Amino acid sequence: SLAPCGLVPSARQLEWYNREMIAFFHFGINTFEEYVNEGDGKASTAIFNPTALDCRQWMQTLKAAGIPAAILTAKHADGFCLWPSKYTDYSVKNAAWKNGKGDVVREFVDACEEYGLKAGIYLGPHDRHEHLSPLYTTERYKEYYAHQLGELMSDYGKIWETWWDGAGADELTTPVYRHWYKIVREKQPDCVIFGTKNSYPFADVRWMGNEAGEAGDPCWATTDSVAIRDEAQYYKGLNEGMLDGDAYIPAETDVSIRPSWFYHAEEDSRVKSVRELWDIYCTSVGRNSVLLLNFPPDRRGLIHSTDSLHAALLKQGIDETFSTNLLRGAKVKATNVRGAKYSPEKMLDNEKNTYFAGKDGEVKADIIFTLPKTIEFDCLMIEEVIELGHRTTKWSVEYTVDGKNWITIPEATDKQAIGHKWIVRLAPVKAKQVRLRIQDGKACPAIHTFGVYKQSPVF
């Protein structure tokens, strides 16, 4: 069989990559303040009062959108806790909501379980509320957070992601996070950790340097762990990563479907269009990353219908786009073929476990797909066998109509990364043959999938 090349993903990282999309839910005391996205920790707990909370309605939105996981803000930097923790009074325990007898996190994980969605927790490292205590020290806070982490990792079922926002967290040192890490890893062994700054040695996935929904081109799963730590001076190290990076810590791309992270009625006219979301999908999922897309629940405790509709149409457009691989039915010829078991046709078979592979030592390959009828396409996708590491580092796609003139596709010329998935949109071409050029790499190519497609009219 093939041996892996360089650093490889863990089982958690594979599971995570396979989600492709994750939902964020920013919900809390901010929602009940007027135009606030970052709370000071001084709002009265009494104002938290969703009129008819319905997390099931959130899950129905995610079903409609094709999204298999969700992360809730159990506590944002304002420090207000959405579950009745035994370790603070600054929580739903003292809200007007349900006379202080509610538990949003409970309703969230119960709804996730009922709909078969993976649940995840955002629990803010920087806590502005705790900072207001004249008795605050980093060491006491470390124990405070650990107790709360212990509640959320013990009493709320299986947790698939823990999110550590690096905003305001520079005071928190590595031994602090180590303590937190052991609790998470021991109680929830499958839980992916989104690690920032001083949490770097414990991170399963990294930030990619912006909140616009654009991972780098290229975007390597690998990078130097120091890039995560010294976040502010390594934008490209996070956004693009490094082929010779010392750690396998792939990029998770986060973006709100609205201008703000929290809900504001004024932004109902500002929800990202289906086309914007499609661009974002292509610059995240389509760039060897994973898209974490925020839907902020409102004061009733519902997801707004424009947010729902646009996410649902994105899903519809994706399904139509990629339902027919227009290369299927082709006659396939390739140089550098490891064997029949790894024939280039495996790129076209829609099977989970098969792939095209080259011969050891040989990093280049040329694969020509000759089509029964001339086709028209404006999109292409390629997927590497990531269990075997980043192998190919330069690739291009070409076509011809007359059989003699190979024409380049400008958008798909001298690309570098493949990884989990790379998507390229291009001006519409007609073609009788399509050539896939694997031009360079660290090891022989190993490719699960290759296809060309016609983008949905929805886009």
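All residue numbers refer to positions in the sequence shown, first residue = 1.
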{"property": "Average Cα temperature factor in the PDB entry - higher stretch of 328-336, 96-104", "result": "328-336"}
{"property": "Comparing 23-31 with 41-49, the one whose average Cα B-factor in the PDB entry is higher", "result": "41-49"}
{"property": "280, 347, 292, 208, ranked by C-alpha B-factor: the highest one", "result": "347"}
{"property": "Peak C-alpha temperature factor (PDB record), options 240, 383, 244, 165", "result": "244"}
{"property": "Within-chain third of residue 301 by Cα B-factor, per the entry", "result": "lowest"}
{"property": "Cα B factor band for residue 395 (lowest, middle or highest third within the chain)", "result": "middle"}
{"property": "Within-chain third of residue 367 by Cα B-factor, per the entry", "result": "highest"}
{"property": "Within-chain third of residue 69 by Cα B-factor, per the entry", "result": "lowest"}
{"property": "Ranked against its chain, the third holding the CA B-factor of residue 62", "result": "middle"}
